[PDB]
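Report on one structure; see the data block that follows.
Every read-out reported here was derived from the displayed coordinates using simple, explicitly stated rules and does not represent laboratory data. Cβ placement follows ideal geometry from the backbone for every residue including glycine, while neighbour counts extend to all protein chains displayed.
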Amino acid sequence: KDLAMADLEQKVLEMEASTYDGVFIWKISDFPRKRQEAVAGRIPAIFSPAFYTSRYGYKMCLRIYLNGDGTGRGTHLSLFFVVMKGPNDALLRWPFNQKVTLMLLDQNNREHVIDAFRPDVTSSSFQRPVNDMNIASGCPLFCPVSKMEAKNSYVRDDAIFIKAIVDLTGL
Amino acid sequence: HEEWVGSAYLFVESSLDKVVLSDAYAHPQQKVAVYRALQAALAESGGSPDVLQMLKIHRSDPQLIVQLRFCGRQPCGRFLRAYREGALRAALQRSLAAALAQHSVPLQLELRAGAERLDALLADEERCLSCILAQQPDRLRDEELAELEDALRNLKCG
């Protein structure tokens, strides 16, 4: 009944959110609420649906901490990139070595928060996955909390937009 | 394993009210000098550029956060001693002061490896090193620093 319908509804959800061109835009609604759950330690982080570099490419997802993680715990919004175990990993080049640009979109489209980084391939974060997800890599100090919590353009109508762009050069 | 490497974030902040490092960085005509100041201070008291690397400079509230990459556990130890003894800070106060054209720019530093604040662990160097190694460097040098390096170099030519 449930391990029944539940699983099917989840598949459809994942399918509806997936992209296959290395470009993902993640709309996080109910910002205010999710924000406090983070601040209170109840739900520190959120995973995004999966997306890919190409139809049969790398599988990836984002991981965000509204009240921060690591060196940014309690002071910054922390945003991470996660390499997942993909159905076609046996056909891909490992380690993962594509530039990844992470963004928090300014809804007035004037000043987006942006961090473009090239993986340091020596990190285990980029090796071929053995588990469902590799260790995340990314930006612990992506965005100071003050920018997304009173007085400005990133939060609008209780929602924010996170964008990821995986550079496909070499693929 | 194969080669000892690690990372940590160095928090740098001013004491005098004006010498705000955040704005000094976003300033088109200061950024290069601040960059140069940080680079010179690290190479002076922290370690050579091949053993101590800057991966990124975060403008983040009104301090500057420098993401560091350490190559070699021994050199990292040298950095830590220079940090706790105040040598790193001494060189940074001098270079920044010269960079922003000021008599003095007293500094307040902070050192973190992940969620671990090393300032509260300076007495145990082995623990600090272990915490730094736990943070695997995951990104190469940020393009912005290469851009500033080009700028620094083109300026010194004429």
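For chain B, what does the alpha-carbon gyration tensor say about shape, rounded, prolate or oblate, given a ≥ b ≥ c as the root eigenvalues, a/c under 1.5 as rounded, and a/b over b/c as prolate? Let's see the in-between values first.
Numbers: a/c = 1.84, a/b = 1.40, b/c = 1.31.
Taking the square roots of the gyration eigenvalues as a ≥ b ≥ c, chain B is prolate.
If amide H atoms are built 1.01 Å from N in the plane of the peptide, which residues on other chains or at least 5 residues away come under 5 Å of the amide H of residue B:58?
The answer is B:65, B:66, B:67.
For region A:22-29, take each phi angle, set θ = phi - 60°, evaluate the Karplus expression 6.51 cos²θ - 1.76 cosθ + 1.60, and give the result in whole Hz per residue in order, putting x for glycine and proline.
x, 10, 10, 10, 10, 8, 9, 8
On a 0 to 90 degree scale, rounded to 10, what angle separates helix B:87-99 from the longest Cα axis of chain B?
The answer is roughly 20 degrees.
Can you give the average number of partner chain beta-carbon atoms within 10 Å of each beta-carbon in peptide A:117-125, as a whole number?
Working: counts 8, 6, 3, 10, 2, 7, 5, 2, 3.
Average per residue, whole number: 5.
For chain B, what does the helix formula give at 222 nm: sum of -39500 (n - 2.57) over DSSP H segments with n ≥ 4, over the residue count, nearest 500 deg cm²/dmol?
On the way: 6 runs with 65 residues, N = 158.
That comes out to -12500 deg cm²/dmol.
Quick one: angle between helix A:2-17 and the longest Cα principal axis of chain A, in degrees between 0 and 90, rounded to 10, please.
Helix A:2-17 sits at roughly 80 degrees to that axis.
Where a ≥ b ≥ c are the square roots of the eigenvalues of the C-alpha gyration tensor, would you call the protein assembly as shown rounded, which needs a/c under 1.5, or, failing that, prolate if a/b is larger than b/c, or oblate?
Since a/c reaches 1.5 and a/b is larger than b/c, the shape of the protein assembly as shown is classed as prolate.
So how tilted is helix B:31-41 from the main axis of chain B? Cα-based, degrees 0 to 90, rounded to 10.
Between helix and principal axis, roughly 40 degrees.
Between region A:1-74 and region B:40-97, what is the separation of their alpha carbon centroids in Å?
With region A:1-74 and region B:40-97 each reduced to a Cα centre, they are spaced 36 Å.
Over 18 Å between Cα atoms, which of B:56/B:156; A:85/A:163; B:31/B:56 qualify? All intermediate terms of the calculation are to be shown ahead of the outcome.
Values: B:56/B:156 23 Å; A:85/A:163 21 Å; B:31/B:56 13 Å.
In this structure, B:56/B:156; A:85/A:163 lie more than 18 Å apart at Cα.
Under a Cβ-only charge scheme (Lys and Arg +1, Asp and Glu -1), can you give me the dipole magnitude of chain A about the Cα centre, in debye to the nearest 20? It would help to have the intermediate numbers written out before the result.
On the way: 21 positive and 19 negative charges, 48 e Å.
The dipole magnitude comes to about 240 debye.
Karplus couplings for region A:162-167 from phi (6.51 cos²θ - 1.76 cosθ + 1.60, θ = phi - 60°), rounded to Hz, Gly and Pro as x?
9, 10, 10, 9, 8, 5
So between residue B:73 and residue B:126, what do we pick up on full extension, going 0.36 nm a residue minus the alpha carbon distance? Can you show the working numbers first?
Numbers: separation 53, 0.36 × 53 = 19.08 nm, distance 0.99 nm.
Stretched fully, the residue B:73-residue B:126 segment lengthens by 18.1 nm.
Would you work out the relative contact order for chain A, in percent, from Cα pairs under 8 angstrom that are 6 or more residues apart?
Details: 345 pairs, mean separation 44.6, N = 171.
The normalised contact order for chain A reaches 26 percent.
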